[PDB]
Amino acid sequence: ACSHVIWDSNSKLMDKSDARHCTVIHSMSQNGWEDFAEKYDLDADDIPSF
Amino acid sequence: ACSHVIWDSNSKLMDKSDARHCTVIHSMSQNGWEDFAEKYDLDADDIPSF
Amino acid sequence: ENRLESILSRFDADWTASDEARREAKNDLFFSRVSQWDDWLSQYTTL
Amino acid sequence: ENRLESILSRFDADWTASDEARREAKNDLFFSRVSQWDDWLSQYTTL
Amino acid sequence: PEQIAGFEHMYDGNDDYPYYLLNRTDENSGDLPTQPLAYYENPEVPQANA
Amino acid sequence: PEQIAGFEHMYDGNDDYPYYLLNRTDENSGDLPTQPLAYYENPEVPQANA
Amino acid sequence: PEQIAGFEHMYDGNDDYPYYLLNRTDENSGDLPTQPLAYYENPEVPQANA
Amino acid sequence: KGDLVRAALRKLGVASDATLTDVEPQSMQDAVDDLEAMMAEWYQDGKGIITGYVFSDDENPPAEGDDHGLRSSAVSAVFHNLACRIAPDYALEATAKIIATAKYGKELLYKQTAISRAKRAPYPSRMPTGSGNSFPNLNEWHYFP
Amino acid sequence: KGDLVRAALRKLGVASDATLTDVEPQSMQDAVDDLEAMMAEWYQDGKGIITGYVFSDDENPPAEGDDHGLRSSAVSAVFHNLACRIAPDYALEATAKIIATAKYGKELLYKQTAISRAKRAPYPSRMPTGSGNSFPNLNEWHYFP
Amino acid sequence: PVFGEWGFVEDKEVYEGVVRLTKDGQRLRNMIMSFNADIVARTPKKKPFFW
Amino acid sequence: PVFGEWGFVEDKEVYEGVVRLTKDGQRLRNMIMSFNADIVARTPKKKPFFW
């Protein structure tokens, strides 16, 4: 979580309830990306980045 | 189990319930392979690999 | 890509996963040794 | 292969299994010694 | 300087060498490199202070 | 260097030899290889620091 | 080498002999085999490390 | 007269020089051989003092004016030590300053070599590999590599 | 004159040389025998100092101009020590530098040998075999192998 | 599958039992122990030096 | 069949009783002990040296 969920919305408290972003990141295997592009319906031949 | 059951489906949890593979491996004696090819009906003269 | 060759699919999902059944497995089965077989490793005939 | 010679079958399943009743058995019966017979091994006449 | 001269290299902090060398001789005499019997005394915190 | 010279081989860390050898003689004198009475003093952590 | 020479045989590890022998004499002088007063000091683990 | 000390001649020439004498018959052979012997006691077939000295060819050419091939730094030593060795031939004790400079020189010849021959031996047959050390290679320590 | 010191002649030739004298009758036999004796006290039938020195054949040929077969590194030693031994024949104390060089040389002859003769003895009659050591072979330690 | 200590690191799965941490020190123990055995076995006993 | 400690390793069956681990140290004990006995048996007693 230290390196995947990131949310400096200038949130000034512990449950980050005053936040408005909270962008999280996924790392996944090839087969995982195919199955992910399956669920959320996406071009499996795109290949993402971050 | 550390070297026989292998299942990186990018499974992100402990009971590996979110997995979709879980390929396991068998090592077996000659007589064991004959009896195995017997059960699952296979060519006993094939001899497998992994 | 598209390549519905079944074995090429199944094998190319094991091969991909056995790259973790590496870094870790390498260690893990190695502990089943400093306890199970013997606490010395990789010479097996010294004087 | 096909070779229903009965003894060749039974004997060629013991022989095959006595390759484990080796690595282990070798040790196992050897403990029935550092306790049962005597704690010294393989000389039996020194000065 | 004379006794260490030539291999001050060996006295810097390396655990590279198996021992320490010292110059034995010197034209104009037979050098007296009485193996280094002298180190600077450790800091002590006087009894009075204590 | 002179006293160890010839068999510095024996001082590297081998437990191969039964003892240590030292050169006794030297043309131009009778060498004084007073068996190596001198080692570099161990690190100590001054009393003051302690 | 000179003092042990002749019977380095006796210093290898045998408990075969009742004692150790040393060469006494040497043409060109009266040898000074001051019975071996010098051994290599034991490994110590410095106080500082401790 | 001649300049640099390049021939095994010059060694002996200036060896005699540093003693006191200045005579030259065939005794230059009876004294060059003294030198070749010396420069062979030293340099125990390569386990002794390294000087770059070049020897008789095992071809008959055993001496005289042929080059010595010593490093410049080694000369003032070999010929000082030479002086001491041949001085008894002429019923002579070499002066103090000479024996001193010979003693001094002979050490310096070996100095840089001694530093080369230091060398720490590798980790023992045993010795764990160490968890901190990544990439296992040979488990424990190589002890041979 | 002659070159390299190859004959047991030369040893004695240059032995006398290094003392001071330069005479040659049959006394070269009475002094070569001194040498053969020495080179046999040394090298106690092979348990002494190894030099490569070659002896009389047990065929009558006991001396003179026949080869010595010494290593190059050994010469400046045998003939220096020779000098000391025969000097009393001519009512003579060998000079300091000589006794020094003889003392020095004789050590060097044995140096490489002494290193060879080090050798650690094997594990004792007893001594456990050790669980870490795989392939049992002889249980405990061989002590003979 | 049962797991002892389990988790992820560099998005790489990771796990271990009780044994893993002990390995390093345990080897030292065995080594030093073996070294000492050598010390007792091969090593000249106390005897006098005589001419 | 009864088993003490039992399991598989390299797909090779494996098992042991209490005794196996002790073997190594116990031999050392016996050896050192025997060595010492020699020390006491064969060894000159304390007596004076005289001309």
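A brief structural summary. Every chain here is numbered from 1 following its written sequence, a scheme that can differ from the numbering in the entry; residues without coordinates are not drawn. Throughout, the order in which chains and ligands are written sets their labels, letters from A for the former and numbers from 1 for the latter. What is shown is a subset of a larger assembly, and the numbers refer only to that subset. In computing side-chain values, all of the structure's heavy atoms are included and hydrogens and water are not. Residues with missing side-chain atoms are left out of burial classes, side-chain pairs and their counts.

1. With respect to the overall build of chain C
- Put simply, DSSP marks the helices as runs of H or I at least four residues long and the strands as runs of E at least two long, and each gets a number from the N terminus on. Counting its regular elements, chain C contains 2 helices and 0 strands.
- Only the protein chains shown count as covering a residue, and every accessible area follows the Shrake-Rupley method with a 1.4 Å probe. For chain C, the exposed surface amounts to about 3400 Å²; the carbon and sulfur share of it is 54%.

2. Side note on the overall build of chain H
- In terms of helices and strands, chain H carries 4 helices and 0 strands.
- Mapped from its N terminus to its C terminus, chain H presents α and β elements in the order α-α-α-α.
- Dimensions of chain H, computed from C-alpha atoms along their principal axes, come out at roughly 75 × 40 × 25 Å.
- Contacts are residue-level and defined by heavy atoms, with any inter-residue pair within 4.5 Å sufficient. For chain H, long-range pairs separated by at least 24 residues make up 57% of all intrachain contacts whose partners lie at least 6 apart in sequence.

3. Looking at the environment of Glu20 of chain C
- Relative to the helices and strands, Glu20 of chain C resides in helix α2 (residues 20-34).
- Residue burial is assigned from relative accessible area. The probe radius is 1.4 Å, only protein chains are included, and a residue is buried under 20% of its type maximum, exposed over 50%, and partly exposed in between. Classification of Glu20 of chain C as partly exposed rests on a relative accessible area of 23%.
- Once residues within four sequence positions are removed from consideration, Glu20 of chain C is found in contact with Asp8 of chain B, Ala25 of chain C together with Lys12 of chain J.

4. Some details on the nonpolar core
- To define a nonpolar core, start from buried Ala, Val, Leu, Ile, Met, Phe, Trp, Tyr and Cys residues and group those joined through side-chain atoms within 4.5 Å. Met39 and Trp42 of chain H together with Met39 of chain I are the most contacted members of the largest nonpolar core, which has 76 residues in total.
- Of all the secondary-structure elements, those providing two or more residues to this core are α1 (8-19), α2 (29-41), α3 (72-86) and α4 (96-116) of chain H together with α1 (8-19), α2 (29-41), α3 (72-86) and α4 (96-117) of chain I.
- Apart from residues lying up to four places away in sequence, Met39 of chain I is in contact with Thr51, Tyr53, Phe55, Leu70 and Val78 of chain I.

5. Topic: a negative patch on the surface
- Exposure above 30% relative accessible area and the absence of a salt bridge qualify a residue for a patch, where like charges join within 9 Å and nonpolar side chains (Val, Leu, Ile, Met, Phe, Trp, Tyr) within 5 Å. Just to be clear on terms, a salt bridge is a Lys or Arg side-chain nitrogen sitting within 4 Å of an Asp or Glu carboxyl oxygen. The charged-residue count follows a simple rule in which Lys and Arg add positive charge and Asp and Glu add negative charge, with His and chain termini not counted at all. Charged groups are reduced to one reference atom each: NZ for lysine, CZ for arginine, CG for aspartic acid, CD for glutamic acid. A cluster of acidic side chains, namely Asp17, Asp22, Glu24, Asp57, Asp58, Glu59, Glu64, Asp66 and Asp67 of chain H, defines a negative patch on the protein surface.
- Counting through the fold element by element, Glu59 of chain H comes out in the loop between α2 and α3.

6. Describing the interface of chain I and chain H
- The interface of chain I with chain H comprises 26 residues on the first partner and 22 residues on the second.
- For the side of chain I that touches chain H, the elements supplying multiple residues, two or more each, are α1, α3 and α4 of chain I.
- When residues of the side of chain I that touches chain H are assigned to their parent elements, the largest contribution, 8 residues, is made by α4 of chain I.
- When residues are sorted by character, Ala, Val, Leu, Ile, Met, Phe, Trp, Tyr, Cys and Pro go into the nonpolar class, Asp, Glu, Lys and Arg into the charged class, and all the rest, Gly among them, into the polar class. Residue composition of the side of chain I that touches chain H, by class: 11 nonpolar, 10 polar and 5 charged.

7. Details of the packing of aromatic side chains
- Pairing of aromatic rings covers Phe, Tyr and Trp, the last counted by its six-membered ring, and requires centre-to-centre distances within 6.5 Å; plane angles under 30 degrees mean stacked, over 60 mean edge-to-face, and any other angle means tilted. By the definition in use, this model includes 32 aromatic pairs over all chains.
- With centroids separated by 5.9 Å and ring planes inclined at 55°, the aromatic side chains of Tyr43 of chain H and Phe55 of chain H adopt a geometry described as tilted. With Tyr43 of chain H in the loop between α2 and α3 and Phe55 of chain H in the loop between α2 and α3, this pair connects stretches of sequence that are 12 residues apart.
- Among the residues examined, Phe55 of chain H registers a relative accessible area of 31% and is labelled partly exposed.
- Cation over ring: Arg24 of chain G sits above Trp51 of chain J, and NZ or CZ is 5.7 Å from the ring centre.
- We call a charge positioned over a ring when the NZ of a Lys or the CZ of an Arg lies within 6 Å of the ring centre and within 35 degrees of the ring normal. When the ring centre of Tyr123 of chain I is taken as origin, the NZ or CZ atom of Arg42 of chain J, which lies over that ring, is 4.8 Å away.

8. Some points on helix α1 (residues 30-39) of chain A
Residues and elements named next belong to chain A.
- Of the positions making up α1, those classed as buried are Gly32, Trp33 and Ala37. Angular distribution of buried residues about the axis of α1 spans 135°; they occupy a single face of the element. In α1, the exposed positions angled more than 90 degrees off the buried face are occupied by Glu38 and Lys39.
- One or two positions beyond α1, positive phi appears at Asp41, with a value near 55°. The directions considered for the arc run from the helix axis to the C-beta atoms.

9. Some words on the pattern of salt bridges
- Within this structure, the stated rule accounts for 25 salt bridges over all chains.
- The salt bridge partner of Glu24 of chain C is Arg20 of chain J, with a shortest N-O separation of 3.7 Å. Here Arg20 of chain J lies in helix α1 (residues 19-41) and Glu24 of chain C lies in helix α2, a pairing that spans two chains. The pair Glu24 of chain C / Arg20 of chain J is uniform in exposure class, with both members buried.

10. Thoughts on the packing of α1 of chain H against α3 of chain H
Residue and element names in this part refer to chain H.
- Following both chains from N to C, one finds α1 and α3 inclined at 65°, their axes separated by 8 Å at the closest point. Classified by chirality, the crossing of α3 by α1 is right-handed. Contacts between α1 and α3 involve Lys11, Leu12, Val14, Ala15, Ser16 and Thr19 from the former and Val75, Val78, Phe79, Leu82, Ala83 and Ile86 from the latter.
- Its residues assigned to classes, the contact of α1 with α3 shows 9 nonpolar, 2 polar and 1 charged. Think of each axis as a best-fit line through the C-alpha atoms, taken over the contacting stretch in the case of a helix, with angles from 0 to 180 degrees between the N-to-C directions. Should the near helix be turned anticlockwise from the far one by less than a right angle, the crossing is termed left-handed; should it be turned clockwise, right-handed.

11. Some details on the arrangement of the chains
- For the 27 pairs of chains in contact, the largest share of contacts goes to chains H and I.
- For the non-touching pair chain D and chain E, the nearest C-alpha separation works out to 41 Å.
- Kept free of each other, chain E and chain J leave a smallest C-alpha distance of 20 Å between them.

12. Observations regarding the packing of α2 of chain H against α3 of chain H
Residue and element names in this part refer to chain H.
- Direction vectors running N to C along α2 and α3 enclose 120°, while the axes themselves pass 10 Å from each other. Relative to α3, α2 is oriented oblique. Once α2 is placed against α3, the crossing between them reads as right-handed. Contacts between α2 and α3 involve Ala31, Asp34, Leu35, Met38, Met39 and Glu41 on the former and, on the latter, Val78, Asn81, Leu82, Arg85 and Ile86.
- Residues belonging to the contact of α2 with α3 are distributed by class as follows: 7 nonpolar, 1 polar and 3 charged. The scheme is simple: roughly parallel for angles under 35 degrees, roughly antiparallel for over 145, roughly perpendicular for 65 to 115, oblique for anything else.

13. Observations regarding the interface of chain I and chain C
- Listed per partner, the contact involves 6 residues of chain I and 8 residues of chain C.
- For chain I, the biggest contributors to the area lost against chain C are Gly132, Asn133 and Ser134 of chain I; these three give 71% of the whole.
- Applying the counting rule to chain I against chain C returns 0 salt bridges.
- Throughout this description, a polar contact denotes any pair of N or O atoms lying within 3.5 Å of each other; where both atoms belong to protein, one of them has to be capable of donating a hydrogen while the other can accept it, and for residues adjacent in sequence the pair is counted only when both atoms sit in side chains. Applying the counting criterion to the chain I and chain C interface returns 0 residue pairs in polar contact. Once two parts are brought into contact, the accessible area they lose, counted with a 1.4 Å probe and summed over both, makes up the buried area.

14. Some points on a nonpolar patch on the surface
- On the surface, a nonpolar cluster with roughly 430 Å² of combined accessible area is contributed by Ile7, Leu8, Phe11 and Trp15 of chain D.
- By secondary structure assignment, the location of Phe11 of chain D is in helix α1 (residues 6-17).

15. Thoughts on the pairing of strand β1 (residues 5-8) of chain J
Residues and elements named next belong to chain J.
- For β1 and strand β2 (residues 13-16), the ladder comprises 4 bridges, and the chain directions are antiparallel. Considered in β2, the bridge of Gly7 is made with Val14.
- One bridge is not enough; two strands pair if DSSP finds at least two bridges between them. Joining the antiparallel neighbours β1 and β2 is a turn of 4 residues, in which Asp11 adopts a positive phi near 60°.

16. Concerning unusual backbone geometry
Residue and element names in this part refer to chain I.
- Residue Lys119 is not a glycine yet carries a positive backbone phi of 60°.
- Residue position: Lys119 is located in the segment after α4.
- A positive phi angle, near 60°, is found at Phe135, a position not held by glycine.
- Within the secondary structure layout, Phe135 lies in the segment after α4.
- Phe135 sits in the exposed class, given a relative accessible area of 72%.

17. Some details on the state of the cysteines
- Defined by distance alone, a disulfide is two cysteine sulfur atoms within 2.5 Å. Within the structure shown, the criterion is met by 0 disulfides over all chains.
- Unpaired in this structure, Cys2 of chain A has its nearest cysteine sulfur neighbour in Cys22 of chain A, at a distance of 16 Å.
- We note that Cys84 of chain I lacks a disulfide partner, and the nearest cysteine sulfur, in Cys84 of chain H, lies 16 Å from it.
- With relative accessibility at 15%, the residue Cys84 of chain I sits in the buried group.

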